[PDB]
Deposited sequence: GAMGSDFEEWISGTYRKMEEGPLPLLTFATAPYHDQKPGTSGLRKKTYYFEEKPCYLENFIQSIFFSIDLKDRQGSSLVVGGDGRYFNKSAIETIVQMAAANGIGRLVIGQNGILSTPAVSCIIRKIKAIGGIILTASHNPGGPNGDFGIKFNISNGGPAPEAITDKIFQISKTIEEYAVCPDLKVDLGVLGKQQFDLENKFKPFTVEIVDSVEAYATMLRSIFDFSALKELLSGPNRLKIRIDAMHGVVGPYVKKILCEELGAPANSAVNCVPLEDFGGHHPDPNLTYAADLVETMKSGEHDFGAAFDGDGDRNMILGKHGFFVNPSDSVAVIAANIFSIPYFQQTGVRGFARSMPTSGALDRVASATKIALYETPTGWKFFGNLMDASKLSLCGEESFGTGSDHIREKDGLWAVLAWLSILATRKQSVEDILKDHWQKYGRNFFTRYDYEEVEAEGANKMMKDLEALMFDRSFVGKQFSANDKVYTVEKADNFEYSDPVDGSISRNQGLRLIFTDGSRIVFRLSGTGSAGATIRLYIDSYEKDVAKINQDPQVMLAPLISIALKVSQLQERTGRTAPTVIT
């Protein structure tokens, strides 16, 4: 009681052997921009799948950077996360790793992982999350690998991991290692044929991240905002995800918002049986409570805590493409940007051009990148990007090399405290100053692939016809440009094409198609400036361009979908 018995037993067992076991390679462990996600039974039931991938990650690191180095390990709290973390501890011990900094019970949000990596000078980190995907025995499981800068491994590293995993023959593991992920503090293990002991530091999940955020924002003004008598009634929905504890400690305990403010803030291994995705579909409960009109501010997070959804009173949903534009138009309400200044704005291409309005009003440069973190991090490490956001509920700054949902919530709270206006009023002022960029996005999830790819090809060849550019459509829009978006990275000279079908109208409106069973994504972004037509239902003002997109793409006849699975 407590560490005593474990220490005496550790001494009685003596040094723990390190053994090499044979394995057969899999041919589908190809990690993308968001790590490697399969079904949970892939990692739980398939023999040596997890061991093969983890050993491939270790083999992807040079031996000179592996020996005494520190590696952050943490997840969002999914089913099977704990046992896989234990396997990571054993294999990491056998692969000669200096120390593993793990959050208590394996709980560390992706922004927290980036923060700790950049703080303790770690070689990297392994994040056990599938982000917004569902979790559980019949759900999805994912493994991300971040490097020493705090961000996800670039394509060369994730590659090398994949090519190694296709040919892996054996792995090293310390099977008799038993670590208690539940108790904070340091735990060392004597390894056989090794003189130096292996170290596992179980750290508080929230402490470091909360300290960083305490340096980013003015926690005093947030105290006066969330904890006072005249307090801003907030309703934060963590969707049973990783951010719950952070909401409890940061927003509720430290900043003083009472416990009523948080909901679904206890991480569950199945996320309560729902998709931890913050949008108008999977987070409809939050919008339905926001319909009551008692709360002035609402927000939702995803599985690993890099997404955020922002709602105002009576469910005044603000789209991410707009939200980043409001954060940029009021960027000096945050002390961090006061200290650093604004080096640049950036958005994913399918994001609405609302950010370009504040980027052109001020003269801070704006970079339009494809979907994915590689380009945002590329511009961040060159001191060219200060605030970024993507339509996929992505908002973040250069404080870390991952996007951060709770950071965006604290930024919005800072803007509300500074301006002393409601969310809706602030966005009305924004829409009148810059002109509203009506934005919508339709998600047709898991349609069969061949028909979707054939639609994108036939449609693509329809754009490529010179008789298309110029031709008009009635409600009246005129086609100006039509291409498949490509991007030349200004940092490393990288190229990336087939990033989405872009249709630019002389009106400034854009219709974008993208393909992710396969999921079809429809992005629609029109601009409007005259004051008599900026306060309407966006579905109605956008219905023309939606009809043009569905009719030109012939999507329903080729997919049988009647309505999109998700609306934004």
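Within the chain's deposited sequence, the coordinate-free stretches run 1 to 7, 483 to 485, 527 to 531 in sequence order.
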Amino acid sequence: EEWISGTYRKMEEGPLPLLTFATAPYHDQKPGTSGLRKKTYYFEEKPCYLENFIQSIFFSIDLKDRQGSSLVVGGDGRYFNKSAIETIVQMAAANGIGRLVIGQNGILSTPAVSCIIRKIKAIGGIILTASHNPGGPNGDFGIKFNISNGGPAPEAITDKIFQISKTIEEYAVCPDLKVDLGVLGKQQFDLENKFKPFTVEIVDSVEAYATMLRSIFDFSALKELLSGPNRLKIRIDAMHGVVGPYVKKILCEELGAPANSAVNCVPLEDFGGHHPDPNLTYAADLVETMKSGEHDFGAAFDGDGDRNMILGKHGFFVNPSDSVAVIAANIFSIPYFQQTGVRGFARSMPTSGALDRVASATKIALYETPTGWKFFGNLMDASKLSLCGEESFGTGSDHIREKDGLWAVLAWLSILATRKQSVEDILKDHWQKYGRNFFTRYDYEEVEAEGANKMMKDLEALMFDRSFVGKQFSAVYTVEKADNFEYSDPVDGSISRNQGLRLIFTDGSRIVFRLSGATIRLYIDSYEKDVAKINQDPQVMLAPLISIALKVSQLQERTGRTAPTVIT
From here on, numbers count along this sequence of modelled residues.
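Rigid core: the largest C-alpha set superposing within 1.5 Å between the two forms.
Two stretches, 391 to 399 and 455 to 463, are weighed by how far their CA atoms sit from the shown form in 4 other deposited structures of this protein after rigid core superposition; the farther one is 455 to 463. In summary, of the stretches 259 to 267 and 445 to 453, 445 to 453 shows the greater Cα distance from the shown form in 4 other deposited structures of this protein, with structures fitted on the rigid core. Higher average CA B factor: 438 to 446, of the stretches 310 to 318 and 438 to 446. Judged by mean Cα B factor in the deposited record, 426 to 434 ranks above the other of 426 to 434 and 92 to 100. When the C-alpha B-factors of 400, 413, 242, 455 are read from the PDB record, the largest value belongs to 455. Across 148, 352, 488, 211, the entry's maximum B-factor at the CA atom is seen for 488. Among the modelled residues of its chain, residue 505 has a C-alpha B-factor that falls in the highest third, as given in the PDB entry.
In the PDB entry, a CA B factor belonging to the middle third of its chain's modelled residues is recorded for residue 24.
Residue 479 sits in the highest third of its chain by CA B factor, as recorded in the PDB entry. When the modelled residues of the chain are ordered by C-alpha B-factor, residue 550 sits in the highest third. Among all modelled residues in its chain, residue 407 ranks in the lowest third by Cα B-factor.
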